[PDB]
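In order, the protein sequence lines correspond to chains A and B.
The first sequence begins at 132 in the numbering used here and counts up one residue at a time.
The second sequence begins at 6 in the numbering used here and counts up one residue at a time.
Every residue, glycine too, gets a C-beta built ideally from N, C-alpha and C.
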Amino acid sequence: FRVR
Amino acid sequence: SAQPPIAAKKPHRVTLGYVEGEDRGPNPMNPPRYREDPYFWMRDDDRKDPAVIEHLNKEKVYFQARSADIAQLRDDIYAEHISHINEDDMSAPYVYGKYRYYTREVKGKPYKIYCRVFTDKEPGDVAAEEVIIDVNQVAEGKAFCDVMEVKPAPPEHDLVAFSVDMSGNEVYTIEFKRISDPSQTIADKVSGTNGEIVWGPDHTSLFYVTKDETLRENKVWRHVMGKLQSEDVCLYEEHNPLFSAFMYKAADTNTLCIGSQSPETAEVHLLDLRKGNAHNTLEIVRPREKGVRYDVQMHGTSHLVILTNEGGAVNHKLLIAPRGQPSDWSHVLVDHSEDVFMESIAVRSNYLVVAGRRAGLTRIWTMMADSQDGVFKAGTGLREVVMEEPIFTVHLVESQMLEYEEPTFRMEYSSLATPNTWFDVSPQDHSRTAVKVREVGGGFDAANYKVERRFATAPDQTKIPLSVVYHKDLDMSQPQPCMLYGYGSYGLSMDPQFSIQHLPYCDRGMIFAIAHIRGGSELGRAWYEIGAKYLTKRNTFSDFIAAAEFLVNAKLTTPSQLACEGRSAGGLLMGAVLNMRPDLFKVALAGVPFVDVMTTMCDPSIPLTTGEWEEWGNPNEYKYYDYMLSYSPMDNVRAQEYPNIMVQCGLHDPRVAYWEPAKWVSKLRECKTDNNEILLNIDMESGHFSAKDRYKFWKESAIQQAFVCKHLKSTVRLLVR
Ligand SMILES: [Cl-]
Ligand SMILES: [Cl-]
Ligand SMILES: [Cl-]
Ligand SMILES: [Cl-]
Ligand code: NA
Ligand code: NA
Numbered sequence: 132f133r134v135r
Numbered sequence: 006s007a008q009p010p011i012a013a014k015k016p017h018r019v020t021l022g023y024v025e026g027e028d029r030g031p032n033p034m035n036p037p038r039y040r041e042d043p044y045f046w047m048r049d050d051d052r053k054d055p056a057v058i059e060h061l062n063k064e065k066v067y068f069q070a071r072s073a074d075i076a077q078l079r080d081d082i083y084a085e086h087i088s089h090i091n092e093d094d095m096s097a098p099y100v101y102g103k104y105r106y107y108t109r110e111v112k113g114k115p116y117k118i119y120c121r122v123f124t125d126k127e128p129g130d131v132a133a134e135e136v137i138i139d140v141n142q143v144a145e146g147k148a149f150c151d152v153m154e155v156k157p158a159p160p161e162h163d164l165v166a167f168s169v170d171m172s173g174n175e176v177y178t179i180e181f182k183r184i185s186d187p188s189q190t191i192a193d194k195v196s197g198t199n200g201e202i203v204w205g206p207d208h209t210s211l212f213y214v215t216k217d218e219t220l221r222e223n224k225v226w227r228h229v230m231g232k233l234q235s236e237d238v239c240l241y242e243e244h245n246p247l248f249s250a251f252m253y254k255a256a257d258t259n260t261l262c263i264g265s266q267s268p269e270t271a272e273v274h275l276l277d278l279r280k281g282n283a284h285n286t287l288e289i290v291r292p293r294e295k296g297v298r299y300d301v302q303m304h305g306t307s308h309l310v311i312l313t314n315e316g317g318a319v320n321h322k323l324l325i326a327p328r329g330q331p332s333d334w335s336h337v338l339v340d341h342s343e344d345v346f347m348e349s350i351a352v353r354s355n356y357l358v359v360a361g362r363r364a365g366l367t368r369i370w371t372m373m374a375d376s377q378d379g380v381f382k383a384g385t386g387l388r389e390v391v392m393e394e395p396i397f398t399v400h401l402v403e404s405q406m407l408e409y410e411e412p413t414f415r416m417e418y419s420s421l422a423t424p425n426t427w428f429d430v431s432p433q434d435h436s437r438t439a440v441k442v443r444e445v446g447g448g449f450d451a452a453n454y455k456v457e458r459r460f461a462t463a464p465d466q467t468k469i470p471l472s473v474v475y476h477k478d479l480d481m482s483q484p485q486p487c488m489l490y491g492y493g494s495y496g497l498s499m500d501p502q503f504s505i506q507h508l509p510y511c512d513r514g515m516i517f518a519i520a521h522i523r524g525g526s527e528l529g530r531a532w533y534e535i536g537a538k539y540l541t542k543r544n545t546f547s548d549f550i551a552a553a554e555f556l557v558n559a560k561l562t563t564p565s566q567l568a569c570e571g572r573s574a575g576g577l578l579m580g581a582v583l584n585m586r587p588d589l590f591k592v593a594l595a596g597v598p599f600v601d602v603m604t605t606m607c608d609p610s611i612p613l614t615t616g617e618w619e620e621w622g623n624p625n626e627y628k629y630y631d632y633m634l635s636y637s638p639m640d641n642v643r644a645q646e647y648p649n650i651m652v653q654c655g656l657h658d659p660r661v662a663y664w665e666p667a668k669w670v671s672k673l674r675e676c677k678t679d680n681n682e683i684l685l686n687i688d689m690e691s692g693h694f695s696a697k698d699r700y701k702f703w704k705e706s707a708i709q710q711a712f713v714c715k716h717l718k719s720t721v722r723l724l725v726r
């Protein structure tokens, strides 16, 4: 917020 | 006239399962399975291979040629975005130390200006204002410039650290400046960081986080000012690739929380900041237990307020542990509930505030500490901040809540057609004062739009909420053009919140709808953890299809008039629904889209892969292989008719590698049986989020709206028809  | 480029093929076998010398997880298929990937060569980790760059450039030429006929419509929509932002603007100021801090934007400048005034002066008063960091000066001569954090050093706030990424790969350098001496060059540079900055107890040292060669945050360090970075001391290393390292300062500034998190599991350690600049000894809160997540917010130094899913608390519970025995989890402050999902918590000196969801919508709850002893008590209970409207989004703005004893918290509120408002709120009586209201010009009026909640029915009969907005003058007696948005991963809920991005659609007589598909947490945490991940993930796609079918069956729109969009994990949604039900859509946008699911997820050398073995599953394993293959967009491209598609991506994107949409567009064009157009816009100058320069960002946005409005034949604004 490690997202796609 | 323009013809798309024909992509070359090179034989390449991809291995899924056991590979000697690689960590493919604890139980990889042996013997492994193999898959042919003739576009594998599109990947270059160095982003410099001449044949790869040439192919991307040919995609860019084709995109510019096919877009030439919508240049004017793009210019019109870009002017609309410009009229919907403020050339001169100021964020909602907040108090920190002797100052009120805020950012400004100034007419004609693409980046922010970080500013402050003394607390006895007006924010934005030119005679009182001090400029801390002008990002426009930082970005001089650079094509791309992301300044992520700007942190003044306590106690004086004279020395300032700031983190900058000039490529978009989210690896940042920490640099320094002294506000009281703007021409003193401070030699210290800290390279290879994740861009977060946390000062130590004084201006002599700070903490930062570095990344491994797969860009996983894995180490926390202390830098002492005036030393070389090679003399920095590593306080914490997380060797397990499922987990990333993190760090943040407790709100009273006395403790640093450092730990590790993976989608299933967390582990937190405390570092006391009261014992000088050489104290590096960590205190474990609770050793990691697979499947147990928790978050720690310190109440002073004595008590840990812990938000956790432990012992079946799917929607989370709140407990308070003593500093001296921080794994003693026996004292429950707020037990778990089937209706209230507690998502995050801010603890301050005499109150706490919880952000979460209830009945499909974001909510805030508050709790005062006991006025006799300052301690949180279970008999007090959470008090919900009651909100009047049936559809809205509210956020707790912890980044504007710096002072531990401040007697208000900062809440921001909006809805699909109601511009954001930032309030100071009392946790004692929920009284509030507006600090900033977003001004939206160009004729915008909230009362021009109707906002509704509707419900689709998925195959398993679950009701899927949609948030819908459209212009009040739109003729609803017949089907109309419509844009349907989804995301649906990681438990990130999509909310009915304000954005200028749908205004060019609603002002041209389109419906804009959000499908609140499983994979978000809109209806509580189970909407994600059970609704759509691992071997239920397919629910994201079939819920989105049920939402589209609902809009058609309700005569709100028709397939010839329907667009869909999504970005990143929402681009996985777009790729899957494009294979599954392309007959429902005239045109689609897939931004920075995660589409190469098997080849990316088998391979731990690609950023994010290992951590996402706990999101989708690990296709090196028998348990996940067939299921992930069943929806992987790259691997279900087939000989059928697809809609018009536009794909935006960034050469330096460290979250979705540029080669996934390049390979996917190539395969779509090779297999598809229609004569629709597929356009690939590859930005060679940014990462995952397009330009930080606001004018470039709005111009990039406008090309996407222009392409949808063209293919929907809804190009003319309602006001000027
Ligand atoms: Cl070239
Ligand atoms: Cl900026
Ligand atoms: Cl700090
Ligand atoms: Cl307490
Ligand atoms: Na403007
Ligand atoms: Na960088």
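Would residue i count as contacting chain A if we go by Cβ distances under 8 Å?
i, result
"B:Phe599", "yes"
"B:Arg523", "no"
"B:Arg362", "no"
"B:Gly616", "yes"
"B:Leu583", "no"
"B:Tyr495", "yes"
"B:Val359", "no"
"B:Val670", "no"
"B:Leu61", "no"
"B:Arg660", "yes"
"B:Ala56", "no"
"B:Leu656", "no"
"B:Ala574", "yes"
"B:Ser610", "no"
"B:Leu613", "yes"
"B:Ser249", "yes"
Can you name the residues that DSSP bridges to residue i?
i, result
"B:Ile311", "B:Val301 and B:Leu324"
"B:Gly264", "B:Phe251 and B:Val273"
"B:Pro157", "B:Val165"
"B:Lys715", "According to DSSP, B:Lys715 bridges with nothing at all."
"B:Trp204", "B:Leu211"
"residue 5 of chain B", "Since the first residue of chain B shown is 6 and the last is 726, residue 5 of chain B is not available in this structure."
Just to confirm my understanding: we take residue i, look at its own chain, exclude 5 residues before and 5 after, and list those with CB closer than 7 Å. What are they?
i, result
"B:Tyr106", "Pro98, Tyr99 and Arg121"
"B:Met633", "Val602, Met603, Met606, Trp621, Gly622 and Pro624"
"B:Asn32", "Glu626"
"B:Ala12", "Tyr44, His60 and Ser671"
"B:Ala707", "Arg79, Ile82, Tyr83 and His86"
"B:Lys322", "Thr313, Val337, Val339, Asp340 and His341"
"B:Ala593", "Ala568, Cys569, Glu570, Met579, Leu583, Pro648 and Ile650"
"B:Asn174", "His657, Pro659 and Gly692"
"B:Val301", "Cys262, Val273, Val290, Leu309 and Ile311"
"B:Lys382", "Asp375"
Can you list, in chain order, the residues of its chain whose CB lies under 8 Å from that of residue i, leaving out five sequence neighbours each side?
i, result
"B:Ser265", "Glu243, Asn245, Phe248, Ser249, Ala250, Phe251, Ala271, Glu272 and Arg293"
"B:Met47", "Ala12, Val57, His60, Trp664, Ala667, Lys668 and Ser671"
"B:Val111", "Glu92, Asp93 and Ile118"
"B:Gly386", "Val339 and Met372"
Could you name the residues of the same chain whose beta carbon sits closer than 6 Å to that of residue i, not counting the 5 residues immediately before and after it, in chain order?
i, result
"B:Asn355", "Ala374"
"B:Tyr418", "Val399 and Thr426"
Taking only runs that begin and end inside the segment 448-525 of chain B, name each unbroken beta strand (DSSP E) of 3 or more residues, in chain order. 454-462, 468-476, 487-490 and 516-520
With a cut-off of 8 Å, do at least 3 Cβ pairs link the segment 542-553 of chain B to the segment 515-525 of chain B? yes
Can you check the segment 95-136 of chain B for any beta strand (DSSP E) of at least 3 residues that lies completely inside it and give the ranges in chain order? 99-101, 104-110 and 118-123
Is there contact between the segment 146-163 of chain B and the segment 126-133 of chain B, where contact requires at least three CB pairs shorter than 8 Å? no
Which complete beta strand (DSSP E) runs does the segment 514-585 of chain B hold, if anything under 3 residues is left out? 516-520 and 567-572
Decide yes or no for the touch test of the segment 399-415 of chain B against the segment 367-380 of chain B: beta carbon pairs closer than 8 Å, at least 3 of them. yes
Give a yes or no on contact between the segment 425-437 of chain B and the segment 448-460 of chain B, applying the rule of three or more CB pairs nearer than 8 Å. no
The segment 548-558 of chain B / the segment 489-496 of chain B touching (three or more Cβ pairs under 8 Å): yes
Using 8 Å as the threshold, is the segment 162-174 of chain B in touch with the segment 704-722 of chain B, meaning 3 or more CB pairs across them? no
Segment contact flag, the segment 183-190 of chain B with the segment 577-586 of chain B, C-beta cutoff 8 Å, min 3 pairs: no
Are the segment 358-367 of chain B and the segment 399-412 of chain B in contact at 8 Å, needing three or more beta carbon pairs? yes
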